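The next block holds one structure in the form of structure tokens; read it before the comments.
Note: ideal-geometry Cβ built from the backbone for every residue, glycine included; neighbour counts use all protein chains shown. Rule-based calculations on the coordinates, nothing more; no lab input.
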Amino acid sequence: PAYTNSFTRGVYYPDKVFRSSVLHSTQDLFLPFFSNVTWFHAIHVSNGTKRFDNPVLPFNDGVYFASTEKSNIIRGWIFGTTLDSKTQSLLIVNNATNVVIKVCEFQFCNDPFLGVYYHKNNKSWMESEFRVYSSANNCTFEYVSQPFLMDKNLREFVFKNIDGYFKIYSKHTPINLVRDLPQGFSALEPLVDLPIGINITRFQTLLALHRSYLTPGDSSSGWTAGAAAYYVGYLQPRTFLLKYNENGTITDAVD
Amino acid sequence: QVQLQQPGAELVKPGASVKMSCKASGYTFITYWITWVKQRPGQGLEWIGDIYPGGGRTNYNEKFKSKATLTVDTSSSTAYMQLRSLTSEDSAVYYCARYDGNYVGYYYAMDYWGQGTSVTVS
Amino acid sequence: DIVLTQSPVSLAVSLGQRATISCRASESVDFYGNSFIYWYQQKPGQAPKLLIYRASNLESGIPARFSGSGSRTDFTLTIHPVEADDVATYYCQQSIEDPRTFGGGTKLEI
Amino acid sequence: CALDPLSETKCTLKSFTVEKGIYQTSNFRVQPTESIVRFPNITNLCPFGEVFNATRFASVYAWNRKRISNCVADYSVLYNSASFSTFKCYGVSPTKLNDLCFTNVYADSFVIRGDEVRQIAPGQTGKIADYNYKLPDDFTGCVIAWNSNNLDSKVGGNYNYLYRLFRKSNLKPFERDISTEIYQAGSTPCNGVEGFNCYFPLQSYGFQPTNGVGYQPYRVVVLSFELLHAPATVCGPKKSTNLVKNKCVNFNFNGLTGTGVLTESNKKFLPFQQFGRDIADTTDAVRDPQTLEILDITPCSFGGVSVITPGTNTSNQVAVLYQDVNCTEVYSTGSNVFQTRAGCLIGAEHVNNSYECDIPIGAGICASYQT
Ligand SMILES: *[C@@H]1O[C@H](CO)[C@@H](O)[C@H](O)[C@H]1NC(C)=O
Ligand SMILES: *[C@@H]1O[C@H](CO)[C@@H](O)[C@H](O)[C@H]1NC(C)=O
Ligand SMILES: *[C@@H]1O[C@H](CO)[C@@H](O)[C@H](O)[C@H]1NC(C)=O
Ligand SMILES: *[C@@H]1O[C@H](CO)[C@@H](O)[C@H](O)[C@H]1NC(C)=O
Ligand SMILES: *[C@@H]1O[C@H](CO)[C@@H](O)[C@H](O)[C@H]1NC(C)=O
Ligand SMILES: *[C@@H]1O[C@H](CO)[C@@H](O)[C@H](O)[C@H]1NC(C)=O
Ligand SMILES: *[C@@H]1O[C@H](CO)[C@@H](O)[C@H](O)[C@H]1NC(C)=O
Ligand SMILES: *[C@@H]1O[C@H](CO)[C@@H](O)[C@H](O)[C@H]1NC(C)=O
């Protein structure tokens with residue numbers, strides 16, 4: 001495991017409150033300023049020897065996800081208290097189409113992935129089959145929305161679950177320094193709240209695998225996943241101070 | 001074709017009960033609702049209740065909920081109206097009518113009427 | 001409970017003239033463009049006979065002289081021409097909400 | 001001290017004669033005229049179009065059942081549909097459908113001929129009623145049917161719709177039987193082979209364009225409403241009242257339930273942000289759920305009521321003083337109304353002529369008894 005400083009990122013708006021040049025304090029789960037973020041490498045190219053590791057990180061009441069892949073290699077985030085069909089689990093998939101929100105009881109395979117193959121006739125990478133789970137029981141809630149990932153630009157996806165509600169906040173910002181998160185302050189705009197109503201304890205990042213990665217040969221000559229890298233931070237309950245401009249865009253915060 | 005009949009008149013002692021019939025013919029009795037209208041001599045029309053012969057569904061007026069006990073006999077295609085705790089104010093003529101109860105057609109229109117029964121309490 | 005008032009209570013119309021009967025509703029009867037107001041004619045000693053259903057359509061077997069109009073609170077029934085055998089009591093009934101109620105009635109004199 | 005403001009001052013100071021000066025006897029408040037409520041455009045519409053307007057309907061013996069819950073039952077589209085030929089409701093008023101709530105709604109759809117439409121009702125008899133679709137005596141719901149010759153019939157005859165011609169027992173209420181076992185009409189067993197005393201329980205409908213309305217296919221959708229003790233999941237969508245401006249009302253914007261007056265604003269909000277607060281953590285402005293605009297929310301104007309009086313032993317006239325409130329939201333009005341920075345004082349004639357100050361009011365305005 002590799003560690004990198006948080007560098008004052010991950011500040012998100014309190015739920016649906018606006019002010020104008022007003023300094024107000026809030027008490028909620030937030031990312032530590034100058035924290036210590038584990039820069040896990042999901043897949044590294046070592047030929048193209050397979051180095052496949054998606055460790056099952058505990059959720060611990062909030063995760064700060066940062067992606068720097070320019071090929072949209074990162075595609076999904078899997079949540080579950082036990083990650084079996086015993087309890088309901090959250091599945092996220094992000095194609096270049098509408099998002100499919102799937103929350104059902106799932107027997108999850110060892111390596112969850114979305115089967116996608118290149119077609120000679122259509123010359124496009126459409127998904128062949130879904131091989132993330134064995135069975136889908138107690139399918140209560142199904143949400144659809146526009147894709148989150150679209151178009152070298154850092155993306156911040158902070159995830160929480162409070163009061164039976166699953167909330168996501170997103171922001172897209174170009175970065176010159178891919179290796180390190182910039183020492184710059186960016187707000188996280190509210191996007192959508194989900195009433196999943198299930199307990200979440202374990203956070204896992206899903207990486208879509210191309211047909212070359214799914215070929216009988218282990219080596220993925222056609223498509224390489226070495227560039228995949230995901231940041232993970234853990235939130236804590238400390239009061240923060242936020243400064244609001246007249247526009248209402250969060251500009252700076254102090255622990 | 002469609003014929004609806006009621007007894008000509010009925011005499012009942014005060015404090016007693018009277019059960020009169022509403023005989024309908026010429027059409028399928030169960031497919032049309034049976035409604036009831038009270039008309040005091042020289043006064044206007046007052047609605048009592050309506051019943052569907054198929055299933056025995058009933059809907060009684062709030063004023064006549066404790067006065068009207070309405071049952072039907074689909075075997076004889078006749079509707080029976082029962083009155084209880086009759087007083088001097090209940091001496092009136094009761095008319096039974098039919099309505100198809102279709103929002104598309106005629107809604108609550110009462111196209112056919114019975115001859116009625118002059119109920120006198122004395 | 002919607003109360004219906006009919007005016008004039010007593011009306012005298014000569015042979016071949018026009019008789020005007022107006023029924024007023026304490027609450028709106030129109031529902032998505034449908035007005036549930038019915039006009040009944042009750043000859044003495046006989047049961048009332050329906051003339052106009054839904055306040056705008058002629059019942060089968062009713063002469064074309066009887067005609068109705070109006071919407072929402074106010075409804076008007078027009079009979080033209082008026083014949084000798086038109087002496088009866090006219091009642092307006094609303095059916096939008098239970099319990100259904102009838103009008104006070106009007107008397108037509110030749 | 002309910003008679004006149006001078007009497008109110010006498011009431012407050014507990015003395016018959018009050019010396020010349022200014023005294024705060026009471027406070028003025030603008031009571032809101034009415035309450036206003038607004039809700040956004042409803043998107044959780046029940047799939048009425050999915051059930052009613054479906055390309056393929058199943059047979060009457062295999063009638064499809066659709067469970068409807070957790071959505072708003074918008075019957076307005078049903079009311080506006082002029083192609084319906086039969087709309088009869090049992091146990092519920094058709095006009096009261098939008099005003100009533102049900103725990104669960106079940107939608108049943110099938111195709112039958114014109115003359116068999118009357119069989120879909122409680123207490124009815126016939127082939128369809130007893131062998132294909134049976135309704136309970138206490139059935140609560142509505143029966144909707146309309147002509148479907150254009151879609152359920154073809155030139156060559158549409159036999160895709162079947163009805164249960166033969167059944168050993170009448171169908172129970174809300175029972176769907178799709179068994180294809182050979183009907184045994186006699187003592188001889190069928191053994192899966194039809195014969196003299198063995199016939200298929202299902203008969204294919206013969207639908208032709210020229211059959212006539214008596215023998216034409218009809219699309220029938222039956223909605224059944226049940227009232228249980230569980231919390232209701234099907235309720236009529238709420239109605240948004242007309243927006244009001246420059247008038248103090250009671251507003252409940254999806255739970256704000258605030259009081260005051262709404263005024264057009266110039267500030268611009270975040271695309272997601274709906275309502276804002278001040279420094280004091282109080283409601284400031286709310287965005288319209290219907291349109292996209294920001295409305296300032298100042299609290300209803302209120303302030304102390306002041307009375308300007310000279311010495312009672314000298315005069316007997318008084319002038320009302322309404323501080324911190326403009327004259328529009330107002331002795332009654334109409335007697336020499338004058339406005340100042342302190343407020344709207346009523347009962348004194350404003351004069352440009354400048355004298356030495358006698359009685360305090362505020363903002364450099366002094367009142368005295370003179371000619
Ligand atoms: C914290 O960050 C330092 C570098 O800043 C790193 O060496 C260390 O592994 C991280 N984790 C802990 C627990 O110290
Ligand atoms: C994108 O992937 C999703 C998987 O959730 C799939 O449903 C959709 O059809 C795909 N879009 C295509 C193939 O254009
Ligand atoms: C708020 O937005 C307006 C319009 O773009 C802009 O003129 C103003 O400067 C902004 N306020 C800031 C940047 O504090
Ligand atoms: C189908 O058409 C519209 C909706 O598309 C609406 O009137 C209703 O759902 C259907 N109409 C009929 C007559 O069935
Ligand atoms: C709601 O519907 C009205 C009527 O078409 C429209 O003017 C308004 O813009 C709609 N608002 C939203 C938020 O969809
Ligand atoms: C004030 O009141 C007293 C009564 O106590 C009276 O004698 C006197 O004349 C009054 N003076 C004026 C200026 O009104
Ligand atoms: C009363 O208040 C102010 C005066 O300061 C001004 O807007 C106008 O005179 C009044 N307001 C109205 C009429 O809305
Ligand atoms: C007072 O001053 C105003 C200012 O324009 C003027 O209109 C008015 O005529 C003046 N009245 C007197 C009595 O001086």
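Descriptive notes on the structure:
- The gain in end-to-end length when the residue C:109 to residue C:27 segment is fully stretched comes to 26.5 nm, 0.36 nm per residue minus the alpha carbon separation.
- Packing order of peptides D:241-251, C:97-107, highest average first: C:97-107, D:241-251 (average count of other Cβ atoms within 10 Å over each peptide's residues).
- Relative to the current alpha-carbon distance between residue D:43 and residue D:177, full extension at 0.36 nm per residue lengthens the span by 44.6 nm.
- Highest-first arrangement of D:256-263, A:120-127, where packing means the average Cβ count within 10 Å: D:256-263, A:120-127
- Amide H to amide H, with H built 1.01 Å from N, residue A:118 comes under 5 Å of A:211, counting only residues 5 or more places away or on other chains.
- Rg of the Cα atoms in segment C:56-110, relative to 2.2 N^0.38 Å, amounts to 1.24.
- Here the average projected area of the convex hull drawn through the C-alpha atoms of segment D:33-165 stands at 10.6 nm².
- Using alpha carbons only: equivalent-ellipsoid semi-axes of segment A:2-255, gyration tensor based, whole Å: 32, 22, 17
- Efficiency of FRET between residue D:315 and residue D:282 - r from beta-carbon atoms, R0 41 angstrom, step 0.05: 0.40
- Segment B:15-93 shape via C-alpha gyration tensor axes, a/c threshold 1.5: prolate
- Ranking D:44, D:2, D:23 by how far each Cα lies toward the positive end of the dipole of segment D:1-117 (charges on Cβ) leaves D:44 at the top.
- Across the options D:119, C:37, C:91, the greatest Cα extent toward the positive end of the charge dipole of the protein assembly as shown (unit charges at beta carbon of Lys, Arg, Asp, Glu) belongs to D:119.
- Choice from C:40, C:32, C:91 showing the highest fluctuation, given a GNM over chain C with Cα pairs closer than 10 Å: C:32
- Each principal axis of the Cα cloud of chain D was evaluated for its coordinate range; sorted largest first, these ranges are 124, 43, 39 Å.
- The charge dipole of segment A:1-103, taken about its Cα centre with unit charges on the Cβ atoms of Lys, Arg (+1), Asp and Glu (-1) only, comes to about 260 debye.
- In segment B:74-122, the C-alpha radius of gyration followed by the widest Cα-Cα span (Dmax) gives 14.3, 45 angstrom.
- Antiparallel %, DSSP beta bridges [both residues in the protein assembly as shown], to 5: 95
- Computed log₁₀ I(q)/I(0) - Debye formula, equal Cα scatterers, no solvent, segment D:1-67, q 0.16, 0.18, 0.26 Å⁻¹: -0.77, -0.83, -1.15
- Counting DSSP beta bridges with both ends in chain A, the antiparallel % (nearest 5): 95
- Summed residue charge, Cβ within 14 Å of residue D:9's Cβ, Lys/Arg positive, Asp/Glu negative: 0
- Net charge contributed by nearby residues that have their C-beta within less than 13 Å of residue A:154 (K/R +1, D/E -1): +2
- Separation of the residue D:264 and residue B:118 label points, Cα + 7 Å toward Cβ, nm: 7.3
- Whether the protein assembly as shown is rounded, prolate or oblate, judged on the alpha carbon gyration tensor where a/c under 1.5 counts as rounded: oblate
- Point-charge dipole on Cβ atoms (K/R +1, D/E -1) for the protein assembly as shown, about Cα centre, debye to 20: 1700
- Shielding score for D:266-279, defined as the mean number of other chain Cβ atoms within 10 Å: 5
- Applying 1/(1 + (r/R0)^6) with r as the Cβ-Cβ distance of residue C:43 and residue B:66 and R0 = 41 angstrom yields a FRET efficiency of 0.80.
- Of A:70/A:167; D:88/D:127; B:19/C:49; C:107/D:88; B:63/D:238, pairs whose Cα-Cα distance is over 29 Å: C:107/D:88; B:63/D:238
- Estimated inter-spin distance, residue B:73 and residue D:199, nm [label 7 Å along Cα→Cβ]: 3.5
- Of the residues B:28, D:371, B:6, the one whose Cα sits farthest towards the positive end of the charge dipole of the protein assembly as shown is B:28 (charges of +1 on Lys and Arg Cβ, -1 on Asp and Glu Cβ, taken about the Cα centre).
- At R0 = 35 Å, FRET efficiency that the Cβ-Cβ distance of residue A:53 and residue D:228 yields, to 0.05: 0.10
- Computed across segment C:4-108, the Kirkwood hydrodynamic radius from all distinct Cα-Cα pairs reaches 13.6 Å.
- Its alpha carbons considered, segment D:194-281 gives a radius of gyration followed by a Dmax of 29.9, 91 Å.
- Here segment C:28-110 is treated with +1 on each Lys and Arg Cβ and -1 on each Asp and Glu Cβ, and its dipole about the Cα centre works out to around 60 debye.
- Across all directions, the average projected area of the convex hull around the alpha carbons of segment D:161-220 is 5.7 nm².
- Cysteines in chain A lacking a second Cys C-beta under 4.7 Å: A:109
- Residue-count net charge about residue C:18 - beta-carbon cut-off 14 Å; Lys, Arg +1, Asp, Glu -1: -1
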